[PDB]
Amino acid sequence: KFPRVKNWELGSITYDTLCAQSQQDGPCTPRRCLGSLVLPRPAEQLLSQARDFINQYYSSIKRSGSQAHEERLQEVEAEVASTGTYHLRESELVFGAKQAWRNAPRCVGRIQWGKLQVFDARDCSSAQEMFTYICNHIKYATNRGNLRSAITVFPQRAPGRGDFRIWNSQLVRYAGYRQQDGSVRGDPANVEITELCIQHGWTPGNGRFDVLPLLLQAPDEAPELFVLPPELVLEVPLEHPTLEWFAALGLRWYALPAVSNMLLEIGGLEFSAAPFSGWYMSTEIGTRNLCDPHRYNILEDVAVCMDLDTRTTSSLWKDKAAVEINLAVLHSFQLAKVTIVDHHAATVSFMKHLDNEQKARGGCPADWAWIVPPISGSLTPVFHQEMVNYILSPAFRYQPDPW
Amino acid sequence: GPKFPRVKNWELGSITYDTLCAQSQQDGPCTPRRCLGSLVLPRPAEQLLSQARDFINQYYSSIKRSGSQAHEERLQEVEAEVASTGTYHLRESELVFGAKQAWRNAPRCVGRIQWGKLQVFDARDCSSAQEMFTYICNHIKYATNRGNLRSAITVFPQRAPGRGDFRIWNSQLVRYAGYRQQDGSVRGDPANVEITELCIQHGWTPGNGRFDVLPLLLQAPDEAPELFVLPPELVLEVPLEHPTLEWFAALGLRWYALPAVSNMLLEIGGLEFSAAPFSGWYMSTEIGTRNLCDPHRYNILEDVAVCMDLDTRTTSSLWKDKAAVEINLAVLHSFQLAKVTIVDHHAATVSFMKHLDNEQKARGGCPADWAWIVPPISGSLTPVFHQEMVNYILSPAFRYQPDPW
Ligand code: HEM
Ligand code: HEM
Ligand SMILES: Nc1ccc2ccc(CCNCCc3cccc(F)c3)cc2n1
Ligand SMILES: Nc1ccc2ccc(CCNCCc3cccc(F)c3)cc2n1
Ligand SMILES: C[C@H](O)[C@H](O)[C@H]1CNc2nc(N)[nH]c(=O)c2N1
Ligand SMILES: C[C@H](O)[C@H](O)[C@H]1CNc2nc(N)[nH]c(=O)c2N1
Ligand SMILES: [Zn+2]
């Protein structure tokens, strides 16, 4: 039965009929909901996913049932029957990559889904070539602070061979150096990748904000190490518009959020290396990256500098510090002329996206726990909006770490 | 590993498995195809007997007399009673156990560390709306306790074959009126427009203020509801001021001390208590973020931001975030000054994490609804944000029920 979906602020109701198109199971059952969990616990199969995708494509260009549509289905059928696999045309790959972003239930930035630069790198045969494609992606996407969304797609998985992989979780990441006494210098999220880098011959630094090299892997070969040229990595020093001591904290963040460990699935084909980038929403940096207790954990430092009463939770010292940190991020990115969006503007655009998709497709898969921002939740319109979460394909998925 | 849900805390890196969800007898709204975890209200002789047996088994397990002669004789007594009357009745100690268990089982409640401390008033002898009012007044006096709040539930007679239900029409024992204006706006609390109009229809002379306490509309079996005015000295309220912003007191804001929810159904062993009002103390974000700042509630964010001289013409000034923090601080400061129990969202969530550890040891899990447990401001600043949770329905339970009108 199709869900009735209510907005509690406005009193409006919609019905999600799009979820009927879901062909893949999520983690929930009638006995228990696992919606808050971060990670998940043959030729006829491939052919039906392929046909479905080809049908989506020809529908998208208003050519369902055309000459071209019918011959393409026959091509895919012939290739799968003979070889167990098939290959996408570039225009199909472009459509597929935009659709995977459109379908991503955890992404609040999907108003932008139609504006995605797609780099075809399926003719890549070595880690060295991967690095060249990656440098061009970063160059294009960064665009001197006028950020532009992009994806680069490396060769698909093949039954015979190992995968193409980027070992790093993002193209730009700060090192996390574990101490002989358990603690971490830098970003604790990156301890393991930092150790792998050193293990593969990288000379580490000893700073809080050391940009990591890339570990890039061509099929069935040890990963190779490539240092990013410093001029390609745009960073923003953090300052606060009114609190002078904030700059003294020596905080900074990189401009480009470029996720590089997710699998892109299109028509049953799997692209194990397909890094994509957009621009940041300020709470990712200001709230999670800087204030998570298991990340840079700066809340106490800032609260102390603001002379707040740290001895009791009821002074709301954590809340006051977090606001000023998020304000510093916004101010600093605006001063540096680097694209950033605040959580109010982003969630308002996402509500417009929900409306657009209701009209276009009869629904929009959305994961409430990820869409609602990590500060000021109920001050944004998405908090009051019921959402239905489900998996459509094309999709971005998690995959195992290659080590 | 084990074939039970694996649950991770991302701050600590620690893992548990929920085995308690195996005891769920009732389906939620989700399927493998789609998750409906974010929806607020998603959509019998033999049946009663099996619910009753299960509940009697839980009771005897809890007093460690499972399989005993007293356990079997109680099962036989319930079977006999049902056989001859179609229903049964709980012993006083079963009702106390069942009420505490319903609170313990409530997945949307962040206050469950307190579950073992619940004063259960047995009002199952009540036979009139006038008497319900007396019991409600007594509950309020006990629970308010001059500002040193005590958790309590008052249980009125269960639903019974044929006979009509006991109902409290109001969603809470204390609610502010919401008066629809000629222009289309609302004076007072917009959440309460419908109950306000019903009170007027049933004969209440309305005021015209922003914080008018509503009368109670109380319904005894097969009777029209009757109107009762709470004596003002029984309704403890807290005027709001801010510790540093001296002008905040001039806004004339206030909130009542006692959150006393009155429209939920208490279900124990298949028996249905349609009138069982219960009360705790407030967590400060309920007042300061939701009731005062929701766009569809008092909606005071912009007024406060304007007084703070913030830039309300652009999202990126974070004016909403700054105003909300100060409003929440005012609530905490004001309740503290008034010596009225309140808990901030950091303290509440820290205690809930302790509750989760206790329940993992006691029962092998704890049903929890992440979207409701994570506070509405400062979510990731609290430890619950980083904790995966498994949501499922156990009974005894507090359940939603349709409006009596
Ligand atoms: C244009 C600017 C964009 C903004 C502001 C944005 C915003 C966000 C945010 C805030 C999240 C949650 C991130 C987190 O908490 O770690 C997210 C998740 C995601 N976004 Fe975007 N997004 C953007 C562009 C993109 C692009 C270009 C793609 C792919 C083409 C994409 C795909 C995703 C996916 C797959 C996730 C979920 C990742 C996961 O489950 O771990 N987004 N988005
Ligand atoms: C002792 C202090 C208590 C605190 C601080 C507390 C805290 C909370 C909070 C903040 C909520 C969410 C409310 C909302 O957003 O509307 C809640 C939900 C709930 N709590 Fe408590 N709680 C307390 C005591 C109680 C008691 C005594 C009971 C019943 C015996 C109870 C049962 C519930 C139930 C059933 C809900 C869910 C309501 C719904 O689904 O609409 N709690 N609790
Ligand atoms: N601003 C943007 C744009 C696109 C994004 C695309 C993806 C992401 C996700 C960042 N990944 C970290 C979350 C995560 C997930 C699973 C396991 C983890 F350890 C951590 C963030 C984005 N931010
Ligand atoms: N502090 C407390 C203590 C106990 C509580 C027990 C229950 C509640 C729930 C308040 N109301 C539910 C909100 C709601 C739900 C469904 C439909 C609505 F219109 C409104 C809040 C509590 N707060
Ligand atoms: C346990 C919980 O699901 C986890 O902390 C989630 C919550 N919501 C989130 N939302 C976003 N946008 N990003 C996240 O990493 C998370 N983490
Ligand atoms: C749509 C969404 O489920 C709804 O706004 C929920 C979210 N979380 C909540 N959490 C609590 N504690 N109380 C609420 O009323 C809500 N509202
Ligand atoms: Zn679910």
# chains A, B, ... in the order shown; residues from 1 in each chain; ligands from 1

call {"tool": "residues_near_ligand", "arguments": {"ligand": "ligand 7", "cutoff": "8 Å", "atoms": "only C-alpha atoms and all ligand atoms", "output": "PyMOL selection string"}}
result
(chain A and resi 27-29+32-36+389) or (chain B and resi 29-31+34-38+391)

call {"tool": "residues_around", "arguments": {"residues": "stretch 158-175 of chain A", "least_positions_apart": "6", "cutoff": "8 Å", "atoms": "only C-alpha atoms", "output": "count of residues only"}}
result
32

call {"tool": "interface_residues", "arguments": {"of": "chain B", "to": "chain A", "cutoff": "7 Å", "atoms": "only C-alpha atoms", "output": "count of residues only"}}
result
43

call {"tool": "atom_distance", "arguments": {"atom1": "atom CA of residue A:268", "atom2": "atom CA of residue A:363"}}
result
23.0 Å

call {"tool": "atom_distance", "arguments": {"atom1": "atom 29 (C, counted along the ligand's line) of ligand 1", "atom2": "atom CA of residue A:350"}}
result
15.0 Å

call {"tool": "atom_distance", "arguments": {"atom1": "atom CA of residue B:226", "atom2": "atom CA of residue B:171"}}
result
15.5 Å

call {"tool": "select_by_dssp", "arguments": {"residues": "stretch 11-149 of chain B", "states": "helix (DSSP H, G or I)", "output": "ChimeraX atom specification"}}
result
/B:20-23,45-62,69-85,92-105,112-114,129-147

call {"tool": "residues_around", "arguments": {"residues": "residue A:305", "least_positions_apart": "4", "cutoff": "12 Å", "atoms": "only C-alpha atoms", "output": "ChimeraX atom specification"}}
result
/A:243-249,298-301,309-310,317,320-321,324-325

call {"tool": "write_last_selection", "arguments": {"atoms": "N, CA and C atoms", "output": "PDB file, in the first residue's frame"}}
result
ATOM      1  N   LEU A 243      34.751  37.679  16.464  1.00  0.00           N
ATOM      2  CA  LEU A 243      35.650  37.150  17.495  1.00  0.00           C
ATOM      3  C   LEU A 243      37.084  37.005  16.975  1.00  0.00           C
ATOM      4  N   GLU A 244      37.937  37.971  17.325  1.00  0.00           N
ATOM      5  CA  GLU A 244      39.305  38.048  16.807  1.00  0.00           C
ATOM      6  C   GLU A 244      40.190  36.844  17.077  1.00  0.00           C
ATOM      7  N   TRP A 245      40.053  36.242  18.254  1.00  0.00           N
ATOM      8  CA  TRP A 245      40.882  35.090  18.628  1.00  0.00           C
ATOM      9  C   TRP A 245      40.586  33.827  17.809  1.00  0.00           C
ATOM     10  N   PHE A 246      39.477  33.811  17.071  1.00  0.00           N
ATOM     11  CA  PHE A 246      39.093  32.590  16.371  1.00  0.00           C
ATOM     12  C   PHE A 246      40.167  32.175  15.370  1.00  0.00           C
ATOM     13  N   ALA A 247      40.668  33.137  14.599  1.00  0.00           N
ATOM     14  CA  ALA A 247      41.750  32.888  13.629  1.00  0.00           C
ATOM     15  C   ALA A 247      42.980  32.238  14.284  1.00  0.00           C
ATOM     16  N   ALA A 248      43.271  32.635  15.518  1.00  0.00           N
ATOM     17  CA  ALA A 248      44.411  32.100  16.278  1.00  0.00           C
ATOM     18  C   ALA A 248      44.342  30.591  16.529  1.00  0.00           C
ATOM     19  N   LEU A 249      43.141  30.015  16.456  1.00  0.00           N
ATOM     20  CA  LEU A 249      42.968  28.572  16.591  1.00  0.00           C
ATOM     21  C   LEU A 249      43.685  27.779  15.495  1.00  0.00           C
ATOM     22  N   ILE A 298      36.576  20.246  18.686  1.00  0.00           N
ATOM     23  CA  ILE A 298      37.016  21.595  19.129  1.00  0.00           C
ATOM     24  C   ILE A 298      36.056  22.372  20.042  1.00  0.00           C
ATOM     25  N   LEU A 299      34.911  21.795  20.368  1.00  0.00           N
ATOM     26  CA  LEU A 299      33.863  22.532  21.069  1.00  0.00           C
ATOM     27  C   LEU A 299      34.350  23.111  22.403  1.00  0.00           C
ATOM     28  N   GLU A 300      35.078  22.315  23.175  1.00  0.00           N
ATOM     29  CA  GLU A 300      35.549  22.787  24.478  1.00  0.00           C
ATOM     30  C   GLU A 300      36.532  23.959  24.359  1.00  0.00           C
ATOM     31  N   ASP A 301      37.488  23.832  23.432  1.00  0.00           N
ATOM     32  CA  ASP A 301      38.447  24.894  23.128  1.00  0.00           C
ATOM     33  C   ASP A 301      37.737  26.223  22.855  1.00  0.00           C
ATOM     34  N   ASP A 309      30.400  29.016  30.665  1.00  0.00           N
ATOM     35  CA  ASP A 309      30.458  28.112  31.816  1.00  0.00           C
ATOM     36  C   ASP A 309      30.404  26.652  31.370  1.00  0.00           C
ATOM     37  N   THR A 310      31.581  26.043  31.336  1.00  0.00           N
ATOM     38  CA  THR A 310      31.799  24.687  30.869  1.00  0.00           C
ATOM     39  C   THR A 310      31.480  23.608  31.923  1.00  0.00           C
ATOM     40  N   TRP A 317      26.540  25.872  26.726  1.00  0.00           N
ATOM     41  CA  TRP A 317      27.857  26.165  26.177  1.00  0.00           C
ATOM     42  C   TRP A 317      28.159  25.449  24.869  1.00  0.00           C
ATOM     43  N   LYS A 320      26.049  27.151  22.079  1.00  0.00           N
ATOM     44  CA  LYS A 320      26.566  28.483  21.746  1.00  0.00           C
ATOM     45  C   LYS A 320      27.867  28.406  20.963  1.00  0.00           C
ATOM     46  N   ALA A 321      28.779  27.539  21.390  1.00  0.00           N
ATOM     47  CA  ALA A 321      30.046  27.380  20.659  1.00  0.00           C
ATOM     48  C   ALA A 321      29.810  26.869  19.257  1.00  0.00           C
ATOM     49  N   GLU A 324      28.744  29.582  16.796  1.00  0.00           N
ATOM     50  CA  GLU A 324      29.827  30.479  16.387  1.00  0.00           C
ATOM     51  C   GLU A 324      30.803  29.802  15.410  1.00  0.00           C
ATOM     52  N   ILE A 325      31.024  28.496  15.590  1.00  0.00           N
ATOM     53  CA  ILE A 325      31.902  27.736  14.694  1.00  0.00           C
ATOM     54  C   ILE A 325      31.293  27.666  13.300  1.00  0.00           C
TER      55      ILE A 325
END

call {"tool": "residues_around", "arguments": {"residues": "residue B:273", "least_positions_apart": "5", "cutoff": "9 Å", "atoms": "only C-alpha atoms", "output": "VMD selection string"}}
result
chain B and resid 155 to 159 165 to 166 264 to 268

call {"tool": "write_last_selection", "arguments": {"atoms": "N, CA, C and O atoms", "output": "compact mmCIF listing (two decimals), in the first residue's frame"}}
result
# COMPACT_ATOMS: atom_id res chain seq x y z
N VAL B 155 -4.91 5.78 36.63
CA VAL B 155 -5.58 4.83 35.74
C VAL B 155 -7.09 4.75 36.03
O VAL B 155 -7.49 4.23 37.07
N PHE B 156 -7.92 5.23 35.10
CA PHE B 156 -9.38 5.08 35.17
C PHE B 156 -9.86 3.73 34.60
O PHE B 156 -9.08 3.01 33.99
N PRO B 157 -11.14 3.38 34.82
CA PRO B 157 -11.60 2.03 34.42
C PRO B 157 -11.39 1.71 32.94
O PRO B 157 -11.51 2.58 32.08
N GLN B 158 -11.07 0.44 32.68
CA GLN B 158 -10.78 -0.06 31.34
C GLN B 158 -12.02 -0.03 30.47
O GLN B 158 -13.15 -0.03 30.99
N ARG B 159 -11.81 -0.02 29.15
CA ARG B 159 -12.87 -0.32 28.18
C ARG B 159 -13.56 -1.62 28.55
O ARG B 159 -12.92 -2.60 28.95
N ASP B 165 -16.70 4.48 26.82
CA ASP B 165 -15.37 4.71 27.42
C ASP B 165 -15.29 5.90 28.37
O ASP B 165 -15.98 6.93 28.18
N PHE B 166 -14.42 5.80 29.37
CA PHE B 166 -13.90 7.00 30.02
C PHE B 166 -12.93 7.68 29.07
O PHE B 166 -12.04 7.01 28.53
N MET B 264 -3.71 9.46 25.41
CA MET B 264 -3.14 8.17 24.98
C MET B 264 -3.83 6.98 25.64
O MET B 264 -4.44 7.09 26.71
N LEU B 265 -3.79 5.85 24.95
CA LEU B 265 -4.39 4.64 25.46
C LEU B 265 -3.28 3.78 26.09
O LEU B 265 -2.21 3.59 25.48
N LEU B 266 -3.53 3.30 27.30
CA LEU B 266 -2.63 2.38 27.97
C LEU B 266 -3.13 0.97 27.73
O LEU B 266 -4.26 0.61 28.11
N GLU B 267 -2.32 0.15 27.09
CA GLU B 267 -2.72 -1.23 26.82
C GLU B 267 -1.86 -2.21 27.62
O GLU B 267 -0.63 -2.21 27.51
N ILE B 268 -2.52 -3.04 28.42
CA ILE B 268 -1.85 -4.04 29.27
C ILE B 268 -2.55 -5.39 29.09
O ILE B 268 -3.74 -5.55 29.44

call {"tool": "decode", "arguments": {"residues": "stretch 267-402 of chain B", "atoms": "C-alpha atoms", "output": "PDB file, in the first residue's frame"}}
result
ATOM      1  CA  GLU B 267      -2.715  -1.230  26.824  1.00  0.00           C
ATOM      2  CA  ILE B 268      -1.854  -4.037  29.266  1.00  0.00           C
ATOM      3  CA  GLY B 269      -2.398  -7.727  28.409  1.00  0.00           C
ATOM      4  CA  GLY B 270      -5.094  -6.847  25.859  1.00  0.00           C
ATOM      5  CA  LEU B 271      -6.998  -4.619  28.322  1.00  0.00           C
ATOM      6  CA  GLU B 272      -7.464  -1.027  27.173  1.00  0.00           C
ATOM      7  CA  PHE B 273      -7.343   1.930  29.538  1.00  0.00           C
ATOM      8  CA  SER B 274      -8.729   4.745  27.357  1.00  0.00           C
ATOM      9  CA  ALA B 275      -8.283   7.307  30.161  1.00  0.00           C
ATOM     10  CA  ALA B 276      -4.904   7.005  31.903  1.00  0.00           C
ATOM     11  CA  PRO B 277      -3.256  10.439  32.109  1.00  0.00           C
ATOM     12  CA  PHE B 278       0.444  10.417  32.958  1.00  0.00           C
ATOM     13  CA  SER B 279       3.012  13.113  33.727  1.00  0.00           C
ATOM     14  CA  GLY B 280       6.768  13.592  34.091  1.00  0.00           C
ATOM     15  CA  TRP B 281       8.803  16.799  33.912  1.00  0.00           C
ATOM     16  CA  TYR B 282       9.799  18.735  30.795  1.00  0.00           C
ATOM     17  CA  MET B 283      12.955  18.512  28.729  1.00  0.00           C
ATOM     18  CA  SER B 284      13.744  22.145  27.905  1.00  0.00           C
ATOM     19  CA  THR B 285      13.730  21.809  24.071  1.00  0.00           C
ATOM     20  CA  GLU B 286      10.056  20.740  24.172  1.00  0.00           C
ATOM     21  CA  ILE B 287       9.191  24.242  25.435  1.00  0.00           C
ATOM     22  CA  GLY B 288      11.983  26.402  24.073  1.00  0.00           C
ATOM     23  CA  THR B 289      12.376  24.900  20.596  1.00  0.00           C
ATOM     24  CA  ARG B 290       9.121  23.159  19.715  1.00  0.00           C
ATOM     25  CA  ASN B 291       6.278  24.880  21.583  1.00  0.00           C
ATOM     26  CA  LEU B 292       7.724  28.392  21.283  1.00  0.00           C
ATOM     27  CA  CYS B 293       9.609  28.263  17.963  1.00  0.00           C
ATOM     28  CA  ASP B 294       7.714  25.840  15.646  1.00  0.00           C
ATOM     29  CA  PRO B 295       6.313  27.902  12.740  1.00  0.00           C
ATOM     30  CA  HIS B 296       2.893  26.294  13.453  1.00  0.00           C
ATOM     31  CA  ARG B 297       3.100  26.913  17.229  1.00  0.00           C
ATOM     32  CA  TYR B 298       3.882  30.251  19.020  1.00  0.00           C
ATOM     33  CA  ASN B 299       6.392  30.972  16.227  1.00  0.00           C
ATOM     34  CA  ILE B 300       8.411  33.521  18.266  1.00  0.00           C
ATOM     35  CA  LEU B 301      11.815  33.121  16.567  1.00  0.00           C
ATOM     36  CA  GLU B 302      11.702  36.271  14.423  1.00  0.00           C
ATOM     37  CA  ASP B 303      10.338  38.455  17.291  1.00  0.00           C
ATOM     38  CA  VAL B 304      13.233  37.347  19.517  1.00  0.00           C
ATOM     39  CA  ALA B 305      15.819  37.721  16.722  1.00  0.00           C
ATOM     40  CA  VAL B 306      14.563  41.277  16.034  1.00  0.00           C
ATOM     41  CA  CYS B 307      14.994  42.184  19.739  1.00  0.00           C
ATOM     42  CA  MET B 308      18.531  40.724  19.590  1.00  0.00           C
ATOM     43  CA  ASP B 309      19.112  43.003  16.554  1.00  0.00           C
ATOM     44  CA  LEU B 310      20.091  40.047  14.310  1.00  0.00           C
ATOM     45  CA  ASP B 311      20.061  40.065  10.492  1.00  0.00           C
ATOM     46  CA  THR B 312      16.737  38.341   9.752  1.00  0.00           C
ATOM     47  CA  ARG B 313      16.917  39.066   6.002  1.00  0.00           C
ATOM     48  CA  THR B 314      19.505  36.379   5.218  1.00  0.00           C
ATOM     49  CA  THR B 315      19.733  32.684   6.215  1.00  0.00           C
ATOM     50  CA  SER B 316      23.557  32.752   6.453  1.00  0.00           C
ATOM     51  CA  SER B 317      23.609  35.040   9.513  1.00  0.00           C
ATOM     52  CA  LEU B 318      22.297  32.029  11.506  1.00  0.00           C
ATOM     53  CA  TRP B 319      19.741  34.294  13.203  1.00  0.00           C
ATOM     54  CA  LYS B 320      17.357  31.394  13.704  1.00  0.00           C
ATOM     55  CA  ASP B 321      20.067  29.305  15.382  1.00  0.00           C
ATOM     56  CA  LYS B 322      21.180  32.167  17.655  1.00  0.00           C
ATOM     57  CA  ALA B 323      17.614  33.145  18.708  1.00  0.00           C
ATOM     58  CA  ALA B 324      16.668  29.489  19.430  1.00  0.00           C
ATOM     59  CA  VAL B 325      19.703  28.971  21.656  1.00  0.00           C
ATOM     60  CA  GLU B 326      18.811  32.053  23.737  1.00  0.00           C
ATOM     61  CA  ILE B 327      15.149  31.013  24.011  1.00  0.00           C
ATOM     62  CA  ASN B 328      16.214  27.578  25.239  1.00  0.00           C
ATOM     63  CA  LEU B 329      18.589  29.213  27.734  1.00  0.00           C
ATOM     64  CA  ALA B 330      15.716  31.416  28.985  1.00  0.00           C
ATOM     65  CA  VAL B 331      13.531  28.331  29.599  1.00  0.00           C
ATOM     66  CA  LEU B 332      16.293  26.583  31.602  1.00  0.00           C
ATOM     67  CA  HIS B 333      17.233  29.719  33.574  1.00  0.00           C
ATOM     68  CA  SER B 334      13.576  30.510  34.366  1.00  0.00           C
ATOM     69  CA  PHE B 335      12.601  27.005  35.591  1.00  0.00           C
ATOM     70  CA  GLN B 336      15.816  26.914  37.680  1.00  0.00           C
ATOM     71  CA  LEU B 337      14.986  30.306  39.252  1.00  0.00           C
ATOM     72  CA  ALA B 338      11.418  29.184  39.935  1.00  0.00           C
ATOM     73  CA  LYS B 339      12.752  25.892  41.487  1.00  0.00           C
ATOM     74  CA  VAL B 340      10.694  23.810  39.051  1.00  0.00           C
ATOM     75  CA  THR B 341      12.203  20.527  37.797  1.00  0.00           C
ATOM     76  CA  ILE B 342      13.364  20.660  34.170  1.00  0.00           C
ATOM     77  CA  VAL B 343      16.067  18.760  32.263  1.00  0.00           C
ATOM     78  CA  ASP B 344      18.237  20.162  29.452  1.00  0.00           C
ATOM     79  CA  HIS B 345      18.660  18.128  26.277  1.00  0.00           C
ATOM     80  CA  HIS B 346      22.353  17.309  26.973  1.00  0.00           C
ATOM     81  CA  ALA B 347      21.565  15.920  30.425  1.00  0.00           C
ATOM     82  CA  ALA B 348      18.479  14.034  29.138  1.00  0.00           C
ATOM     83  CA  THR B 349      20.377  12.331  26.277  1.00  0.00           C
ATOM     84  CA  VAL B 350      23.339  11.431  28.480  1.00  0.00           C
ATOM     85  CA  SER B 351      20.898   9.757  30.887  1.00  0.00           C
ATOM     86  CA  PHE B 352      19.193   7.960  27.967  1.00  0.00           C
ATOM     87  CA  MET B 353      22.583   6.521  26.919  1.00  0.00           C
ATOM     88  CA  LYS B 354      22.905   5.140  30.456  1.00  0.00           C
ATOM     89  CA  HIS B 355      19.369   3.750  30.103  1.00  0.00           C
ATOM     90  CA  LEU B 356      20.395   1.962  26.872  1.00  0.00           C
ATOM     91  CA  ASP B 357      23.343   0.300  28.664  1.00  0.00           C
ATOM     92  CA  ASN B 358      21.084  -0.750  31.579  1.00  0.00           C
ATOM     93  CA  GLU B 359      18.503  -2.267  29.197  1.00  0.00           C
ATOM     94  CA  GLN B 360      21.101  -4.043  27.067  1.00  0.00           C
ATOM     95  CA  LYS B 361      22.088  -5.890  30.259  1.00  0.00           C
ATOM     96  CA  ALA B 362      18.550  -6.331  31.643  1.00  0.00           C
ATOM     97  CA  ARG B 363      16.645  -7.314  28.475  1.00  0.00           C
ATOM     98  CA  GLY B 364      19.082  -7.532  25.535  1.00  0.00           C
ATOM     99  CA  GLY B 365      18.010  -4.270  23.860  1.00  0.00           C
ATOM    100  CA  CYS B 366      15.757  -1.231  24.016  1.00  0.00           C
ATOM    101  CA  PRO B 367      13.246  -0.131  21.350  1.00  0.00           C
ATOM    102  CA  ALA B 368      14.055   3.449  20.399  1.00  0.00           C
ATOM    103  CA  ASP B 369      12.854   5.836  17.694  1.00  0.00           C
ATOM    104  CA  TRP B 370      15.936   7.832  16.622  1.00  0.00           C
ATOM    105  CA  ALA B 371      13.973  10.722  15.003  1.00  0.00           C
ATOM    106  CA  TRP B 372      12.199  11.359  18.332  1.00  0.00           C
ATOM    107  CA  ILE B 373      15.088  10.679  20.721  1.00  0.00           C
ATOM    108  CA  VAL B 374      17.522  13.099  18.992  1.00  0.00           C
ATOM    109  CA  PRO B 375      16.641  16.648  20.249  1.00  0.00           C
ATOM    110  CA  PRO B 376      15.328  19.295  17.821  1.00  0.00           C
ATOM    111  CA  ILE B 377      18.307  21.657  18.249  1.00  0.00           C
ATOM    112  CA  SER B 378      21.961  20.631  18.538  1.00  0.00           C
ATOM    113  CA  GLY B 379      21.315  17.034  17.465  1.00  0.00           C
ATOM    114  CA  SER B 380      24.900  15.895  16.800  1.00  0.00           C
ATOM    115  CA  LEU B 381      26.183  17.689  19.912  1.00  0.00           C
ATOM    116  CA  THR B 382      24.337  15.013  21.929  1.00  0.00           C
ATOM    117  CA  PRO B 383      25.538  11.407  22.300  1.00  0.00           C
ATOM    118  CA  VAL B 384      22.247   9.883  20.970  1.00  0.00           C
ATOM    119  CA  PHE B 385      22.818  11.260  17.456  1.00  0.00           C
ATOM    120  CA  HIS B 386      25.819   8.888  17.100  1.00  0.00           C
ATOM    121  CA  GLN B 387      23.945   5.839  18.400  1.00  0.00           C
ATOM    122  CA  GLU B 388      22.160   3.476  15.978  1.00  0.00           C
ATOM    123  CA  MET B 389      18.763   2.417  17.334  1.00  0.00           C
ATOM    124  CA  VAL B 390      16.294  -0.395  16.607  1.00  0.00           C
ATOM    125  CA  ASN B 391      12.592   0.548  16.726  1.00  0.00           C
ATOM    126  CA  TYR B 392       9.844  -2.069  17.435  1.00  0.00           C
ATOM    127  CA  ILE B 393       6.574  -2.428  19.395  1.00  0.00           C
ATOM    128  CA  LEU B 394       6.452  -4.240  22.730  1.00  0.00           C
ATOM    129  CA  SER B 395       3.435  -4.517  25.007  1.00  0.00           C
ATOM    130  CA  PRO B 396       2.391  -3.259  27.592  1.00  0.00           C
ATOM    131  CA  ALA B 397       2.308  -0.063  25.550  1.00  0.00           C
ATOM    132  CA  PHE B 398       1.061   3.505  25.334  1.00  0.00           C
ATOM    133  CA  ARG B 399      -0.752   3.828  21.985  1.00  0.00           C
ATOM    134  CA  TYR B 400      -2.437   6.580  20.013  1.00  0.00           C
ATOM    135  CA  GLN B 401      -6.227   6.444  19.847  1.00  0.00           C
ATOM    136  CA  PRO B 402      -8.785   8.371  17.788  1.00  0.00           C
TER     137      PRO B 402
END
